[PDB]
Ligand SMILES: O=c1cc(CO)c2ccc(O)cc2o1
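Next up: a single chain in structure tokens, the form deposited without this ligand.
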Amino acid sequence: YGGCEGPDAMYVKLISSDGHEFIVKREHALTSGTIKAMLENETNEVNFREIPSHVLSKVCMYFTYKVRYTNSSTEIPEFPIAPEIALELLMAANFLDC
């Protein structure tokens, strides 16, 4: 049981550029290189300058997907993606190195 205020946060705070805040476990963000490097151990909050709220929601869902199925290699399920969101999702992934 980790408290976000403490060093061993166990739930890093993400602030969407749009204005929405999510929170996700430390390892889930560790799967993303930029946040991994940023989190430095004395900080527990990351703010995004350009990523929309929906983009950050989808990348968090992707973190969940990857951590759930990083080791699994059997009958992987589908991960929704749409053309209208695809370009900005690619940009966000490049920024976060997903």
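Residue positions are given as counts along the sequence shown, with the first one as 1.
Per the record, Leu39 and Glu40 are separated by 4 to 9 deposited residues that have no coordinates.
The next section is about a form of this same protein that is not shown, the form deposited with this ligand bound.
Looking at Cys98, you'd find every heavy atom of it more than 4.5 angstroms from this ligand in the deposited complex.
By the criterion of a heavy atom within 4.5 Å, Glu50 is counted among the residues contacting this ligand in the deposited complex. At least one heavy atom of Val55 is located within 4.5 Å of this ligand in the deposited complex. Within 4.5 Å of any heavy atom of this ligand in the deposited complex lies no heavy atom of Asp18.
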